[PDB]
Every structure is written in structure tokens, then in C-alpha cells.
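K.L.:
Please find one structure pasted underneath; my questions will follow.
So basically every Cβ, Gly included, is an ideal-geometry build from the backbone, and we count neighbours across all protein chains shown. Bear in mind these aren't lab numbers, they're just calculated from the coordinates by the rules spelled out.
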Amino acid sequence: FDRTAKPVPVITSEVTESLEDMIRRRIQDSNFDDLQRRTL
Amino acid sequence: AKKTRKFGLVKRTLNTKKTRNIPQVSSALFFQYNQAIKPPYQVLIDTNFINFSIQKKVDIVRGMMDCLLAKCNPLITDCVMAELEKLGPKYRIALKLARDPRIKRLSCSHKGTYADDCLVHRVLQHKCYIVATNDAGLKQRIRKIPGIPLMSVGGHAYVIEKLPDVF
Amino acid sequence: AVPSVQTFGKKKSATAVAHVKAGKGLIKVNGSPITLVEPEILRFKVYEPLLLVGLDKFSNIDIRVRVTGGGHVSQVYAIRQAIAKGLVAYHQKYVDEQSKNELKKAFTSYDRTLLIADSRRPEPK
Amino acid sequence: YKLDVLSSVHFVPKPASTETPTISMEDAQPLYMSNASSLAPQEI
Amino acid sequence: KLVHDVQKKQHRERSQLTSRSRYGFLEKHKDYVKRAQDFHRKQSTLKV
Amino acid sequence: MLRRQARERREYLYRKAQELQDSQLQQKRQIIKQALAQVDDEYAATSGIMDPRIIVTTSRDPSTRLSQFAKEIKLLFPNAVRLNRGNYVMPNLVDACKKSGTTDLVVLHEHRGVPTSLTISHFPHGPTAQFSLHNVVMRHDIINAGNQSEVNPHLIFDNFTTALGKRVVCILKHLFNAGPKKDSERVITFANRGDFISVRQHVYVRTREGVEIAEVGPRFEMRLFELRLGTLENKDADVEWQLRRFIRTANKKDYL
Amino acid sequence: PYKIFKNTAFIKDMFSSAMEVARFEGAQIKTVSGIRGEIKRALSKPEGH
Amino acid sequence: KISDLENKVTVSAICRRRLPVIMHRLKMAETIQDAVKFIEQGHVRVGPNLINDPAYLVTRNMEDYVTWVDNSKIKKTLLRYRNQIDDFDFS
RNA sequence: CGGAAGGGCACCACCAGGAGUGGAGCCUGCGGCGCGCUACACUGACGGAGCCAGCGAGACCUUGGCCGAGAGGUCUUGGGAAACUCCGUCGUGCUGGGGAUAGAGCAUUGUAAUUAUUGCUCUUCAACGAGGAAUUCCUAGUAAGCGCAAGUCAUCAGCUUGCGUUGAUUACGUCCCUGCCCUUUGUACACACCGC
Ligand SMILES: [Zn+2]
């Protein structure tokens, strides 16, 4: 039969591995959004 | 009359809301038939029709006779007469044709020279004539009125449009 | 018309409507006496303004009070506040402003919440 | 000035009226203090 | 154009069960959406 | 003051409609930026100017689990203050925090001690983001790992594509404190997939060669099921975005 | 359905067991008026409710 | 904008900024002429001070803070229709 | 890369308290861990008497009349919660606090009630005698307690969300510890201070 809505994803070691590698890339690059102070 | 007050008003509005005269049909008018046009015919001529008949060099009364397969009677009013008289010297030969004992002059009681208004008043008041023209906006006007025979000039001779008795 | 005033005592959810006029010395809590308040131990608490200021103008003056809303504590505090506000309104309007100032400063000396309301508005740190 | 007139509750008169040796009446100083005296030692 | 009466023929509708006749008049989409517009009108005027 | 706040709410709805028509005009004029060759209003007012202040609040009569959980929320959030809502009402609550002068509110809801709902309101008549949070993993639950560094953290947003996601990243960027240190040694992530944003605290260092992190703090999945223009104490203001559960494409459509 | 709320209904006599309800739970449902919804949670006190 | 000043400032803009239009706007009086009459009778007050001339443009704060003068018959019959008279404040 | 100084902050610190959990039973979320509910009686139990709110308005909810201890059912009619206050009874005994179990009986719903669907009546009267190791959390309408209403796209029904009532002890200081953070170029502008 059919379902009505998206399933809530359960989180696996491989998922958090891919995540933490993406984080490692973004922090090695040091590229991440920050709310920097408005100049002047 | 501030704009944000108007904004609040239209949002409130959406949230809340969520002697005459009728001219008779003529007695001579079956649904689009116009049974009142039988020989002899009674036709009404325009300046454009005159000048284009000169250009295509066709005869006026002989042309409408051969086009309409019977006898026909020509009419011009004082509006189109003064319109020819205003055109004047270059169409003096057109005035010479327009003055003729065989064409019967019809009088009018009008202020100005708008022969369009004159003739469209005539056809809105009579519905017994046949209009013979070449003009485009007036053609669309006599087209949007129903049950009336338009005959235009074009090609080698005249052409009838709305008359059911084409032959 | 009769010299009469109308005030309110307003606690947490308790509203008390008071109607005050010169009278014979009767106090009617919803048609019952002030000797017939409910919790039987806050009878002194509702008695407080009367014995604070004396009984004579209350002999002069008849008051009718009708109360809605609030628990018992809110109710009786709204009642005595309504009493003080109605009496100071009458003794301002129809009686002397000097005497009004006297009873006002005395009631402010003992307990201001009979006059003004206590709004426990919240605060964050 | 015009807007202060139209939006004022209290009276506001006209602002003002719009070579040769000329004297300045209002002094922004006590008029008898030396410039070196008004100068701070740090700033010199 | 090109269609049969056996194709456009008929699509009838069945009724409420004879055992659930205590709660009659089975609701269909048309009665549902009209109930919906009336309830939305009441909701909107309550909002006003 | 009722007249004042009503005038501010009217101007707020007018300004949001103006931002709306200007955004549609921006989509219209996007075609000419290629032919030849922005934060919100209430977050544009105080983007990097003022430090925010957030009040975290329980719904009502909470469990100890919710107590410690909102405590952990405060621990993750700079300039965050606890509130045990006991016999407090919604309107007087929002009005009292408006009286105090406040940036943002986060109030929590649950079922049987299990946190499952989080709503964030912007106090200067700002928008509200309504989330269902489920997959809660608490530091209290896991271990006595110590304490958070509580330095102004670094932010990592992932998979923010639509302008709805742009409004989201604006709101989260502005709820976190302005002007971080370049060497802020704790970093937060914003990991989006399948319309399920999920977050974990991360302290991090760079090695002799690469980088090394530690996941710490909380760990869960939330999902924005609503965004309203007005505040939460409205319950009637115009919804800016509504989730459609009962539709054809519901288990398939992304960003809705 | 034998008990209804705003956007909520309590439905009996569809399953024999709450185990059957849990085998078919979290699921897309619709009804004869055409309208959509979802079966979410079994009722514990009766079996197929 | 700058076109808002080069175009939109009107005699009608300053006229709705005028006081009795604001009274009729906040529905102090049902009609603007009755608002003018209330202005003449001084049954209103504009923040700290009451007023008597209709020829008044009101700053936005005083628009938020304008009302009737105290112990006025008009506000008293307001509280009489609402049946909420509080003679303690000589309302 | 390290050390040192100075300053600030913290119911993850100090300090004063409070309240639970963990002990018994029941419910419920996790694989033996967690969240709640009821008790352990005298500030208590029981019986009369009095009665004070608010949130909530998409064959249904009902004023009244009838009998039946009750549960209940019947005919008609339209589209005011508990805790609380007074009196009385009981009295320190796992006692009358506690109601777990079991039997018996009577009613309603349902084809059918049987494995009591459900309520009521009487009899049976267990554990629990204030909760170790510990645990948490907190500074005012706060904790807490009480009851009321709605389920209004996520999630919820021995459950969530609103609402009212009553209503406190102790701090409101400190970095002494536990940390954690900032500074160690006045840079800036008077006067003063300071001066690797
Ligand atoms: Zn004519």
C-alpha cells in the first residue's frame, strides 16, 4: 500500500561520516557562514 | 486616504466578502432574413463608392443593374452631396455624374456633414435600403448591424454581401 | 438625582462593582451583609477600611456591591479595594476634598492596595 | 520654522532676518581666557 | 468528435449501507466541498 | 500603547507586503542581470549591529527531561535565558518580554517528557518558525562530558536552496550572535536533507596537517512545519508558509 | 469512524488488532467523500479502534 | 525614495496629517466637523497638553498619545455607555 | 609553545533553601534505563452544611417531569470544578490512610458480554510504615498544589495544548572552589589615575 508523507530519516554511521567529512572540508577550507559585524 | 489604511481596508473587504427606451425589432425582420428587399431595389451611394467606380471605370446604374439582376433606384443625401461639393475640383467629373435626373436626391435634417452618422441613422431608422460603399470602418458598422444588404466595390465590378437572393 | 458613585475593585480575575450613596448605614455584599462574607476569617480583612476610618459616614452612607470572577482571595481583596475606591470617590465628589485627602493619606499610610491595584506584572532577568 | 508654526502648541516667532568692522556679541568663551590657557598640555 | 456513448455512457453512484442507516446520507465530494465553503465563510466572518 | 502596537503591526504587514511585491519584482528583474553581464527587514535593522537576546521557555508544567533539555538549549545558545512558564499566559508573557525589550523567543512543547516541538518568534513583530523536533539526543542523556566552551560558535549551513531556505538561514544567522571570532573553536552545523534539517554541536581543532572535530552537545532532527508572519500570541496572523500534509505529492515534494 | 474532532476522527472496525493497526499505521488514507488523511495511532483500549 | 517627496507630498497628505482628520481617523468623533467642534470645546487633549485650534499637524507620537481631556462629559458618557464609570479617577 | 597578572560570568560555580526521582503499586517512552500517576495517614480519613473561576461554540448537546439505593432508563423543552470554610464523627492501631485481588448481585452498550466490553452495590483489605547509593532542578504569582476546557494539517488521547484557583522557604552576594571568557599599545578628547 501507500504512505502519506516523507519518512523521518534514521541516522546511520555512514550518514554522519559523510556529514563530518563535509564539515572537515568546509573547515579545512574554513568556508562557513558567519554573522559578521556590519561595517560603519 | 493613506495607502496603508487603504491596504487594511481592502484586506478587511476581502475577508468580509469571502424612462428607458427599447427600439422594437422591425416587423420586416425574420430572424436574419429581411424579406422586405424585393425588386425594385433602393440603394444608397457613398463618395468612396463614386470615386472607386470612376477608378474601375464601371458605369453606375448599369453596373448595379447587372450586379443585382433587376431594377434599382439610387439615392444620395445632402451630407454626401456637400461632401462631394467639398471635394470639389479634382472630383468635378464625379460631381457631374452625381448630378443626374436618374439619381433621386433625398433630403436630410442634420447639423454638420458627417454622412457616416447620417446614413447610419437612416439605416437604423428604416432597414429597407441597400448600402453601396467601399469604406472600412463604416463597413464594419453595417456588418455589426444585422439583416441589411451591403454591396461594396472591388475587382472588376460590384459585389453584394448579405442579400440571400444572390441569384 | 441621588448622590451616588460607582467604582470597581479588580484583582487577578475578580471584578467588584460598587454603588455608593448617602444612606441609613447598611452594607450589602450581594444583598447580604459584610458580616456575611464567605471565608469567615477574612471577614476582618474585608472589615479593615471601615474600622480604619470609622463608622460614621458609613452610617450616613449606603453601599451595594456586586462581585464577579476570581477565587476567594482575589474576590475579597477586590471587594475591599472597591470599598475604598467608592468611598474616596463619594467623599471627593459630594463631600470635601480636604477630608478626601485625609482619608486618602490615612489609607495610603496603612495599605495602598485598597486604593490602587496590585498588578503582578512579570519580569525577566 | 513654518512646520514648527503648524505643529507647535506654544508660540514660536520668526527665526531671524535674511563690508565693515563688526563686533560679535555672543562669546563661546569667557573672552578673557588665553588660547594657551584653554589648551590642554596633552594636546600640545 | 470521436467518442462513444458506451465511453461517455454513465457513471452512477452507490448509496449508504442499509445497516448504517442510523447515520444516513453518506457524504460525497460535492456536499463536502459545499460544507467546506460554508464553514470557510463562517470562519472568515468570525475572523472579521 | 494599544494604538501604538496596532500601528506597528499594521506597518509590519504593510512592510511585509512591500517586501513581497519587491521580491516578485526581483524575480522579474533577474533576467536582465545576465543579459547585460539581502536580509529581511527586521533582521536588516539589526543584522550585525546589536547582539541578540533569546528567552527559552517551556510550554507549561514540564518534565525534568524538558527542564534539562531547555537548559541544554540555553547552554548552546549565547545570551539565552530560561523561563519556567508556570501559571503564565501567552499574551501577558509576550507583552512582558516586549516590555523588557527582547530579540528572540524559543518555547518548547513535547509529549510525555519527549521534546518534539520548538517555536521561535522574533519579538519586534517578527516572524515565527514552528518546528517539530524528534530525534533528540542529549548530553545529559549520554555522558558527563564536562561543559560547553560557551564561546561564540561558528556556523555551518548546508543545502539551503530556495528563498524559503534563504529566509531560514537569515533567521538562524541572526539568532546566533553577531561578529564571531575567526578562531571560534566550537562550530555548529546546519545539515539539510530530504526536508529534514539536523544539527549537532561540534568543537574542532586543526591538526598538524588536517582538522579534527568532536561532536558534542545535542543531536536531533527537526522540521519546520510552519512559518507565520506575525507573532505566536496572534494565532491568527497571516501564515507565511504552511506545510501541506494532505496533498498528492506529499512524500515526494521537497522544500514543502 | 465513531468519534470525530476537528481534523481528527476515531475509527473502529477496520482492523482486528492494534497489531494490525500498527502493521498498517502511519499511512495514507482517504474516504468516499474523496477526502484525504492518515491513519496514525492505534487506540489501545479496544482492538481495531 | 526621493520620488516620494518630489511627487507624493500633497495638500491632501498634510490635510490628513491635520488633527481633526486624525480624530475622525481614530474615530474620536463620528464626523470631522464634530471633531472640529470638540477641538473648539477643548474636550480633547494632545499628550501633555489639550488643544483648541484645528489647524494643527500632529507628530506621530502625539497621534499615539492624543485623547479626550479628563472629567469631560464626552468621555463620561463613553464610560456610561460602556457602564464602566470609575468616579475615583473622576472618569 | 608556555608561564604570569588583571577583569568578567555561571542554580554545569561558591553560598541558603525548596521540590521531586531513585524505596511500594500503576501507566508510558527506551534494552535491564527513562517520564508521569496513587499511596504511605491527624496540616489526616469520613459524614453533613456552605459555596468562588477562567480557556473553549462546524438523533448533537438539553431546562423540566417520572420512577430506580445506585447504575440507569423514561416523557417533554431550545437550537454553579476541585482544593477551600464550619460542625460532627474517628483516632494512633499497617487503624477507618492505602485499594491491589477475588467472589456475588444488578443495570447499559453491543449479534453475542464469556475472559467481569462499561458502570454500580456488598463482601474479600495484599504491598506500601516517607524511600539507600545517589540523583536532578531552581530565585515570585516562582516552585508547588488544585481543578476546568480544546484537540482545530507536525505530535498527541490513562496523552498533548490552552485556562483558572491558591500560593511559599531561601538567596539575590561572591568569584573562595568549579570552570569558562576577556585584557595585558587609554588611543579616544578635557580633569584625575596609571605608567615596560
Ligand atoms: Zn443627409
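K.L.:
Roughly how many whole Å is it from the C-alpha centroid of segment F:1-79 to that of segment C:56-82?
P.N.:
When both Cα centres are located, 48 Å separates them.
K.L.:
Ok, one more. Can you give me the P(r) profile for chain H? Cα pairs, bins 10 angstrom wide beginning at 0, each as a whole percent.
P.N.:
Using 10 Å bins, I get a P(r) of 16, 42, 27, 10, 4, 0 for chain H.
K.L.:
Within segment B:148-167, which residues have the backbone N less than 12 Å from the label spot 7 Å out from B:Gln32 along Cα→beta-carbon, could you tell me?
P.N.:
From segment B:148-167, the list is B:148, B:162-164.
K.L.:
How much space per residue, in cubic angstrom, does the convex hull of the C-alpha atoms of chain C take up?
P.N.:
121
K.L.:
For segment F:135-256, please report how many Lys pairs fall under 22 Å Cα to Cα, leaving out neighbours fewer than 8 apart on the same chain. Walk me through the intermediate numbers first.
P.N.:
Working: F:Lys166/F:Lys252; F:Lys166/F:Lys253; F:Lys173/F:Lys181; F:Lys173/F:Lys182.
Close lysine pairs under the 22 Å cut-off: 4.
K.L.:
Next question, about the same structure. Any idea which of C:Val20, C:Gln92, C:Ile116 is furthest toward the positive side of the dipole for chain C, if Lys and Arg beta-carbons carry +1 and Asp and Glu beta-carbons -1?
P.N.:
C:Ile116
K.L.:
Further question: Per residue and in Å³, how big is the convex hull formed by the alpha-carbon atoms of the protein assembly as shown?
P.N.:
Values: hull volume 416.7 nm³, N = 820.
Convex hull of Cα atoms, per residue: 508 Å³.
K.L.:
Let me ask you something else. Let me know the shape class of chain E, please: from the alpha-carbon gyration tensor, a ≥ b ≥ c as square roots of the eigenvalues, rounded when a/c is under 1.5, otherwise prolate if a/b is greater than b/c, or oblate.
P.N.:
Oblate.
K.L.:
Go through segment F:55-118 and name the trypsin sites (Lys or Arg not before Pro) that are in a DSSP coil and have 10 or fewer other Cβ atoms within 10 Å of their Cβ. Present the calculation step by step, with values, prior to reporting the outcome.
P.N.:
On the way: sites: F:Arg60, F:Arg65, F:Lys71, F:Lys74, F:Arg82, F:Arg85, F:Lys98, F:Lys99, F:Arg112; in loops: F:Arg60, F:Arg82, F:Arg85, F:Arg112.
Those satisfying the criteria are F:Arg112.
K.L.:
Over chain C, how many pairs of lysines fall under 18 Å by alpha carbon, counting only those 8 or more apart in sequence or from different chains?
P.N.:
Counting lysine pairs in chain C gives 26.
K.L.:
Continuing with this model, one more query. Helix-only mean residue ellipticity at 222 nm, chain F, DSSP H runs n ≥ 4 weighted -39,500 (n - 2.57), per residue, nearest 500. What is it?
P.N.:
-9000 deg cm²/dmol
K.L.:
Let me ask another. In bins 10 Å wide, starting from 0, what share of all Cα pairs of chain D does each bin hold, as a percent?
P.N.:
Once binned at 10 Å, the Cα pair distances of chain D give 17, 23, 21, 23, 15.
K.L.:
Mind checking the angle between helix H:32-41 and chain H's longest principal axis? C-alpha axes, 0 to 90 degrees, to the nearest 10.
P.N.:
60
K.L.:
Right, here's the next one. Which distance in Å, rounded to a whole number, links the C-alpha centroids of segment B:36-109 and segment E:24-48?
P.N.:
70
K.L.:
Quick check on chain F: what does the Kirkwood estimate of hydrodynamic radius come out to from the alpha carbon pairs, in Å?
P.N.:
On the way: mean 1/r = 0.0503 Å⁻¹.
Every distinct Cα pair counted, the radius reaches 19.9 Å.
K.L.:
Given axes a ≥ b ≥ c from the Cα gyration tensor, I'd like to know whether segment C:68-112 is rounded (a/c under 1.5), prolate (a/b larger than b/c) or oblate.
P.N.:
Cα axes put segment C:68-112 in the oblate bin.
K.L.:
Taking chain B, how much of its Cα-Cα pair set, in percent, is spaced more than 29 angstrom apart?
P.N.:
31
K.L.:
If pairing requires two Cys Cβ atoms under 4.7 Å apart, which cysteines of the protein assembly as shown are left without a partner?
P.N.:
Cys with no partner Cβ under 4.7 Å: B:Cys67, B:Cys72, B:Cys108, B:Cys128, F:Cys97, F:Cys170, H:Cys15.
K.L.:
Output the relative contact order of chain C, whole-number percent, from Cα pairs under 8 angstrom with separation of 6+ residues. Walk me through the numbers on the way to the answer.
P.N.:
Details: 209 pairs, mean separation 41.5, N = 125.
Contact order relative to length: 33 percent.
K.L.:
Long-range amide H contacts for B:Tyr41: which residues qualify at under 5 Å (H placed 1.01 Å from N, peptide plane, sequence gap of 5 or more or a different chain)?
P.N.:
When sequence neighbours closer than 5 places are left aside, the close amide H contacts are B:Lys71, B:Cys72, B:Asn73.
K.L.:
Step through the residues of segment F:74-88 one at a time and calculate ³J(HN,Hα) from phi using the Karplus curve (6.51 cos²θ - 1.76 cosθ + 1.60, θ = phi - 60°), rounding each to whole Hz and writing x for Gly and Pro.
P.N.:
4, 5, 6, 9, x, 6, 10, 10, 6, 8, 8, 5, x, 6, 9
K.L.:
How large is the convex hull of the Cα atoms of segment F:1-151 per residue, expressed in Å³ as a whole number?
P.N.:
Hull volume normalised by residue count: 180 Å³.
K.L.:
Determine, for chain H, the count of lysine pairs separated by eight or more sequence positions (or lying on different chains) whose alpha-carbon distance falls under 29 Å.
P.N.:
8
K.L.:
Right, another one. Expressed in whole Å with the largest first, what are the equivalent ellipsoid semi-axes of chain A derived from the C-alpha gyration tensor as the square root of 5 times each eigenvalue? Spell out each step's value before the answer.
P.N.:
Numbers: eigenvalues 235, 70, 7 Å².
After scaling each eigenvalue by five and taking roots: 34, 19, 6 Å.
K.L.:
Starting from the Cα of G:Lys30, draw a straight line to each of the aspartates and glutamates and keep only those under 12 Å, dropping any in the same chain fewer than 8 residues away.
P.N.:
List returned: A:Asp2, G:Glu38.
K.L.:
Mind checking which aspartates and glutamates have their Cα closer than 15 Å to the Cα of E:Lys47? Skip sequence neighbours fewer than 8 apart in that chain.
P.N.:
Cross-link targets: E:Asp38, F:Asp236, F:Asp238.
K.L.:
Here's another thing I want to ask about it. Could you derive backbone 3J(HN,Hα) for segment B:71-81 from the dihedral phi with the Karplus parameters 6.51, -1.76 and 1.60 (θ = phi - 60°), listing whole Hz in sequence and x where the residue is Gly or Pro?
P.N.:
After applying 6.51 cos²θ - 1.76 cosθ + 1.60, I find 8, 9, 10, x, 9, 10, 9, 6, 5, 6, 5 Hz.
K.L.:
Just for the Cα atoms in segment F:76-149, what are the lengths along the principal axes, largest first, rounded to whole Å?
P.N.:
If we take the Cα atoms of segment F:76-149, the spans are 39, 30, 25 Å.
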